[PDB]
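Below you'll find only one chain, the form deposited in one PDB entry, shown as structure tokens.
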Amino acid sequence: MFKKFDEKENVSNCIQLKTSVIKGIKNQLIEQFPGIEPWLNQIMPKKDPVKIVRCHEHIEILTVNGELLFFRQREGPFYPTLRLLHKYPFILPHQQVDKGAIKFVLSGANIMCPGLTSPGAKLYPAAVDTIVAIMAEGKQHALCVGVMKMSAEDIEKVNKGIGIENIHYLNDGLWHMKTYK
């Protein structure tokens, strides 16, 4: 979603949200990510203004104190940024690709089922459309936010095709935008 993204050519503007809208977005974050609820006072303090950075193709980025927390496109689901996920890795269920696939997902490629079924990888049960944190064999931190395009049982069985859609990866255009300011 951010492979050729950058502030100049993609960010139209940045609106500050009213209290009515913030409570609604928090509620949607709760519904999507149940375990985030006890941490929201910490991620989005009462005291701090909440902004949406509006981007081309109806991408919105939620920011607090200039830190990028979540993003969505249209009124689709929210996805954590990788920076937020690194601070709170438990927000998302995990899938672990084999180390050979690291180079390809860091260049923006979608995850193919052999990256998840080969030795060194770890595939965990997941329904299609689940937002997952992509971990890497031998690596402590997540490198990609993905969406299951086949269920994890299908990925084991079909074993060919896109298993996981690459949505956001380390040093993509979103990653490079460290803060909004």
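Under this definition, the rigid core comprises the largest set of C-alpha atoms superposing within 1.5 Å between the forms. Note that residue numbering follows the sequence shown and begins at 1. Only residues modelled in both forms are compared.
Beyond what is shown, the protein has a form deposited in another entry; the following relates to that form.
A.B. asks: So with the core overlaid, does the Cα of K157 end up 2 Å or more away between this form and the one not shown?
C.D. replies: Comparing forms between this form and the one not shown, the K157 CA shifts below 2 Å.
A.B. asks: After the core is overlaid between this form and the one not shown, has the C-alpha of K18 moved by 2 angstroms or more?
C.D. replies: Yes, the C-alpha moves 2 Å or more.
A.B. asks: Closer or farther: how do the Cα atoms of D172 and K8 compare in the other form relative to this form, given a change of at least 3 Å?
C.D. replies: It is closer: in the other form, the C-alpha atoms of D172 and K8 lie at least 3 Å nearer than they do here.
A.B. asks: What direction does the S12-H176 Cα distance move in the other form compared with the shown chain, closer or farther, given a change of 3 Å or more?
C.D. replies: Closer is correct, given that in the other form the C-alpha spacing of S12 to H176 is reduced by at least 3 Å.
A.B. asks: Note down every stretch of 3+ consecutive residues with C-alpha shifts of 2 Å or more between this form and the one not shown, superposition done on the rigid core, in sequence order.
C.D. replies: Core-superposed, the single displaced stretch is 6 to 20.
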